[PDB]
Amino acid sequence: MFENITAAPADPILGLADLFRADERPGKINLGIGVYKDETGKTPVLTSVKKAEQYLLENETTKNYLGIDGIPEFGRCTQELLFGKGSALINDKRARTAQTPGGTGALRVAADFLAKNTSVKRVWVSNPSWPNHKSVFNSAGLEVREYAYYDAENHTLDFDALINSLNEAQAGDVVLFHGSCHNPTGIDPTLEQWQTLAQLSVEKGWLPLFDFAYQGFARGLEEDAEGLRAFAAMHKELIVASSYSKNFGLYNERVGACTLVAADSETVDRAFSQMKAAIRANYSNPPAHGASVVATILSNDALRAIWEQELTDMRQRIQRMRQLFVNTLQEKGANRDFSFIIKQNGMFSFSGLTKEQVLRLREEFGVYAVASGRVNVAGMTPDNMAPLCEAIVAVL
């Protein structure tokens, strides 16, 4: 019965790793990764999570099942992290949150929930977007469309072209927004554009679906959430998928939440129960480890202070590197003006190199980027910074 089965197509991101872990050139550099790396080239366990894990090892007495929605604490801290302390939404009991296996698990859960309990048929995802967004949505049965976003020429957010592509979006359609650090491009709407996008959404009838995967990496934990909070203020409904994989360095523990907000308590509840049933037919209940670690940190003044600083360092390292990158080029040749790399947020951004320029980089020079010219800035160190720009300038 499996003899007819077709090879699944490689992922070139997940498929890119291999040739790196096969190349030999000494200079070898991997800027196609999706995780953060410190100045020494490693993806360390935060000190704060190591402390929370010792606590757990000592205080855990059972590994019995969590509820289907996970750890209550975890759910609350998330809501507070996302919407804020004295939020009208939290006080009105308008939000229910489900602990989920990774930001990805949250997306799929919203997907299966939306797919089977509502009349949603389409989801619009920004033009360049995290490639896996589409696949998560298709597998639920939903159709994915694309709205315009990135100005190929100006390396900016085309606000008009974006809106112009969102008028073809009808009422009960789900629009997907990246809360901060746009995954492929790093270009984020300003606060005025989020307020504008919020208003259009209210009039037009769209159902917002926020993907928060890097809270804390553009400007901070609170600032990074103003857009999401601009919508939360005028919308009666919205869904939000967050991940704690990149901001807690908890990648393989699968920590993320899927938050659902309705018009009032009775509704978020009724709707939440169907969400529970979706989870229940998927993985049954969430993995306690990484999430126990996050509830513990966030609810301990001591540990939380340390984590904030660890987040801040990470964020500051990337900012140190975007700047050092746009400079070393200016010194080592650099035809073009890469000044745009600066103030593009998060670990990524499009270099703007052609697909053929990337190949040449990876083949002669041994620098590994995603064919889209997307580079992970956190994979740059002061040490490899120089050969890196020298091999880029050697291709334009």
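Residue numbers run from 1 along the displayed sequence.
The PDB entry reports B-factors from which the mean C-alpha value can be compared for 110-118 and 244-252; the larger average falls on 110-118. Mean CA temperature factor is higher for 122-130 when stretches 122-130 and 309-317 are set side by side in the entry.
The residue among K42, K63, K50, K28 whose C-alpha atom has the highest B-factor in the PDB entry is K28. The PDB entry gives the largest Cα B-factor of the residues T190, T97, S201, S180 to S201. Among the modelled residues of the chain, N335 sits in the highest third by CA temperature factor in this PDB entry.
Among the modelled residues of its chain, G352 has a C-alpha B-factor that falls in the middle third, as given in the PDB entry. Sort the modelled residues of the chain by CA B factor and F365 lands in the highest third. Sorting the modelled residues of the chain by their CA temperature factor places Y147 in the middle third.
Ranked against the other modelled residues of its chain, the C-alpha B-factor of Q215 as given in the entry falls in the middle third.
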